[PDB]
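Numbering starts at 1 and runs along the sequence shown. Just so you know, ligand 1 is whichever comes first in the structure, and atom 1 is the first atom listed for that ligand.
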Amino acid sequence: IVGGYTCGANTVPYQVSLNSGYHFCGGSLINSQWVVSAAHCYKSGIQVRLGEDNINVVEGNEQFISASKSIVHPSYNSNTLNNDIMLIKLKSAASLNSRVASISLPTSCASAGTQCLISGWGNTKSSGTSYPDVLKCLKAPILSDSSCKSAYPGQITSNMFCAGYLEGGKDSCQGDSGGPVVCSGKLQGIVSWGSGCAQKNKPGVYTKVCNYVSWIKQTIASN
Ligand SMILES: COc1ccc2[nH]cc(CCN)c2c1
Ligand SMILES: COc1ccc2[nH]cc(CCN)c2c1
Ligand SMILES: [Ca+2]
């Protein structure tokens, strides 16, 4: 997260870190057994780390649970990033509490102008590299579909939306991939892609979670 703020330990209780020897992506806990992330975060050997603040220090609220199964969306295209969503099932159920909590799925899509919270352990610099230990947060509005498409000609599908600041300076970045965009208490987005980070006229692009709720629910119901 570039241009954000330190969230505060365990204040984003649905935020997970996906770990394969190191943090490599975010995700969102949606029930005691399941995490939603980006399809571009797929790899084998994932350990889901819940209750994290400092990802390099055991602080006492973590739960570390290995994935039993990953399900990339059937229509994910890794060249265009269309349908950039994946589900991860935990080998055992997380113990839910005030610091490890699921985030509600949307019942309808969110509108341009809605304020959201984007979070992760990604790079905090737009030119250069610095990776934080503690979770970073950014409040950002959803942008209009028209401004999103104008910013990224030929690339925005009906399964994507932009959020952030056309002036630059505030954005998600590398390592925030797969993490949450939460608006009015609902998971509306997943950190998906963008041109650089925090660049003028190049806002972050996010998977439009509301399009996937039926797939998520039916997948959970049979897996
Ligand atoms: C865009 O950066 C990342 C970062 C972490 C990642 N893990 C696995 C993948 C590729 C998915 N098959 C990936 C990509
Ligand atoms: C500019 O390099 C990267 C590298 C990896 C990334 N993952 C997601 C994003 C977009 C964040 N808005 C991103 C950007
Ligand atoms: Ca920790």
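- Only the backbone of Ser192 comes within 4.0 Å of ligand 2, judged by heavy-atom distances.
- Not one N or O of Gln174 is nearer than 3.5 Å to an N or O of ligand 2, by distance alone.
- With contacts defined as side-chain heavy-atom distances shorter than 4.5 Å, the pair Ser172/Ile1 qualifies.
- Heavy atoms of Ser172 found under 4.0 angstrom from ligand 2 belong to the backbone as well as the side chain.
- Within a 6.0 Å sphere centred on NZ of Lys43, heavy atoms belonging to other residues, nucleotides or ligands number more than 12.
- Among protein heavy atoms, atom 1 (C) of ligand 2 sits closest to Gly196 CA, 3.0 Å.
- With 3.0 Å as the limit, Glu52 counts as an N, O or S neighbour of the Ca ion (ligand 3).
- Of the possible polar contacts, none joining the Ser130 side chain to the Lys125 backbone as a donor-acceptor pair under 3.5 Å is found.
- By the 4.0 Å heavy-atom criterion, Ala198 is excluded from the residues contacting ligand 2.
- At a threshold of 4.5 Å between non-hydrogen side-chain atoms, the residues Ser195 and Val205 do not count as touching.
- The Ca ion (ligand 3) has an N, O or S atom of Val57 closer than 3.0 Å.
- When distances to the Ca ion (ligand 3) are checked against a cut-off of 3.0 Å, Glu62 contributes an N, O or S atom below that limit.
- Open room surrounds OH on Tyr42; 12 or fewer heavy atoms of other groups in view lie less than 6.0 Å from it.
- Against a heavy-atom cut-off of under 4.0 Å, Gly204 is close to the following atoms of ligand 2: 12 (N).
- Around CZ of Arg99, the count of heavy atoms belonging to other residues, nucleotides or ligands within 6.0 Å does not exceed 12.
- Metal site remark for the Ca ion (ligand 3): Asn54 contributes an N, O or S atom at a distance under 3.0 Å.
- The heavy-atom pair separating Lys186 from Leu105 by the smallest distance is CD-O, 3.6 Å.
- Not one N or O of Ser177 is nearer than 3.5 Å to an N or O of ligand 1, by distance alone.
- Ligand-side atoms of ligand 2 in range of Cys197: 1 (C), 14 (C), range being under 4.0 angstrom from any heavy atom.
- Near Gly194, with a cut-off below 4.0 Å to any heavy atom, the atoms of ligand 2 are 10 (C).
- The shortest N/O to N/O separation between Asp171 and ligand 2 falls below 3.5 Å.
- Put simply, no part of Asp176 is less than 4.0 Å from ligand 2, judged by heavy atoms.
- Atoms CG and NZ, from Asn159 and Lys208 in turn, are 8.5 Å apart once rounded to the nearest 0.5 Å.
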